[PDB]
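This document opens with one chain alone, in structure tokens, the form deposited in one PDB entry.
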């Protein structure tokens, strides 16, 4: 990493030119030219390059991968003055905190909202409980009240959590993995309500993101649940739409997972003090965050001064309202196990293969079981290259032999090698995907993404 200058990695779908323009304003006042790059799969290239002391100085990504970055220590700890922290919304700072330490700066905020067709419905329902009655009056007229993706628990979670569902308990400065909240009464109530919507033919268990978007963009349904990323396809659509707060359930607010785009600093960067100046004094300001907003919009921002001017749009105000009422998505690696156990729980409850209590009881157990993902890795790798793969991952030759001397069957050996390998090296540092690209198996990598 070149001394005395700033290199920044931000994803190609963001206003990388606008950030370059904030950076050359930083060049005039210092002499520090910043070069903004938007590599592909930077999220996965960064922990690899950074682990050997290379890579960019600053990276922009969703806060949720920073928990893994910080767990192997690849991000510098920031300690901004309390006066600076007060300029941003407090819950955004919770999103970039890991073992008590702040690891990045919050930039932008995103959450799901209720999107309603103003023509088909000028006054959207404020409660989930109104929607069944609303739906019969409108399917008399060939329209339905609501369609949204029921295949990812990301879209179904706001309802399951409204009455008391939650992923992992966060008490002081840590997420208690021993405390899962998929089997509590509130979660059973939320998922029972969604399953009843399907049993009462108010929604179809097969609805996915494309079906639901299609229905809403061809005016076939009055409401959908989607994020600010979907606003553009409905803008090109002929539909006239509004964005507002998610409906309530049992009087309680729906709680969507919140994602915060964040700027972390390379723990191996020699320009750490220069990185903090660009973010604190040039980027995280109203003029700087607007130079990036106008290249490609950020939506709701973590900095209060600039959001209050962006809440001009009731759509952006709704995103923030739903964000303040929801959870920050946890940045810990076991969130993978959580998603797979829950997604399976919703699909089985919605299809009838499991009852609500059985689906959520199984998801309670499986949310803390990482085995299902190693079997997936095993069957994503051609069996003929299992031990080449396990070495390329960096499992030591001594542990490979310890498995081979005691474990007979071949499939059992690779599971033992993988299970042991994961305990020696925490997720997620792009190790598996880098190993597969270093074996000439990028297909396996892409298919595993």
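Between two forms, the rigid core is the largest collection of C-alphas that superpose within 1.5 Å. Positions refer to the first chain, counted from 1.
Here 420-428 and 399-407 are compared by their mean Cα B-factor, and 420-428 comes out higher. For the pair 220-228 and 234-242, the record assigns the higher mean C-alpha temperature factor to 234-242. Ranked against the other modelled residues of its chain, the C-alpha B-factor of residue 59 as given in the entry falls in the middle third. Residue 99: CA B factor lies in the highest third for its chain, per the PDB record. Residue 309: CA B factor lies in the highest third for its chain, per the PDB record. Compared with the other modelled residues of the chain, the Cα B-factor recorded for residue 368 ranks in the middle third.
Per the PDB record, residue ranking by Cα B-factor puts residue 340 in the middle third of the chain.
We do not show the form deposited in another entry, though everything after this point is about it.
Only 110, out of 327, 213, 110, 321, shows a C-alpha shift of 2 Å or more between this form and the one not shown on alignment of the rigid core.
Distance between the C-alpha atoms of residue 325 and residue 99: shorter by at least 3 Å in the other entry than in the displayed form. Whereas the shown form places them at one spacing, the Cα atoms of residue 188 and residue 172 lie at least 3 Å farther apart in the other entry.
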